[PDB]
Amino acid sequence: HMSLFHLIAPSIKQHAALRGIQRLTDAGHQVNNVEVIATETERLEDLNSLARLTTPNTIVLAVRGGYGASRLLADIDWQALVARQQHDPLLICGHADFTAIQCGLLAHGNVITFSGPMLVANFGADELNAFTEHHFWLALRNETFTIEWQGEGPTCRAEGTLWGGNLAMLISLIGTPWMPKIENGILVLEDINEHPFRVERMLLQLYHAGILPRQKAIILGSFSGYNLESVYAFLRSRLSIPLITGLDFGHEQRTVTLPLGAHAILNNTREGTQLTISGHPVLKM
């Protein structure tokens, strides 16, 4: 599906950015704004100017998700972005720090965007990961699709709004206007950076702030004698809802793509785990 990409940089790896552009263009995609690989106001305008980006059915790809989004949140024109996304929505995709903007979008107007690969980390990596490439196009091209993996957890079925992304970024939003108030959801979390104790401290905060227990289920993506198993065990000891581990999701070279704010059905059985996702915007045919 040959597509139009529009690069945004709300958050040094220019060679990998070019390698990503070259791969996309070589494969017959077009890049709307190649010129912007040559400050606050300029990073801010990358986002606010999306409300005036009216190219048809466009994939808006975050270039990198190192830090910077947090500075922007109070100056983003949320209403104009939410208005934009009411018709021929941009298909907005990124991860890591980009999670904060994604959550902001959800909180102001249930705008669905894709927690998934970025130009530098994924598309311009030394090897393009096929698993990641597959799941990206899988999500953007199919109005209903299913992710399968060998998850670890109780056998169960839950259905609700899919949300989450990067754990630290989601924590950074508690207390603020940009925390989405989603209940009875399937909450998917990743943070491949952090020390286990920090992961635990953050999961606990989600617990004691009342976010985790109000969901229908919790899925943990990529994270890497006190280790991560102790953290899962302790969290499970607090929760009366299923917590499933083992999804390839986050900043590993393997990551699925997840439409935050879409509808999902989680089904975990002895045979393995399925997540069926629908309602997100797709490439049009």
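Numbering starts at 1 and follows the sequence shown.
Missing deposited residues between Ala38 and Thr39: 4 to 9, all without coordinates in the entry.
Gap check for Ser11 to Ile12: 1 to 3 deposited residues are absent from the model. The mean Cα B-factor in the deposited entry runs higher for 193 to 201 than for the other of 110 to 118 and 193 to 201. As listed in the deposited structure, the average C-alpha B-factor of 83 to 91 and of 160 to 168 is greater for 83 to 91.
Per the deposited coordinates, the residue with the largest Cα temperature factor out of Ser240, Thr245, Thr58, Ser230 is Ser230.
Residues shown: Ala125, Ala100, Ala209, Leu187. Highest C-alpha temperature factor in the entry: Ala125. When the modelled residues of the chain are ordered by C-alpha B-factor, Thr132 sits in the middle third. Sort the modelled residues of the chain by CA B factor and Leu7 lands in the lowest third. When the CA B factors of the chain's modelled residues are split into thirds, the value for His1 lands in the middle one. The deposited CA B-factor of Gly261 belongs to the lowest third of values across its chain. Per the PDB record, residue ranking by Cα B-factor puts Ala62 in the lowest third of the chain.
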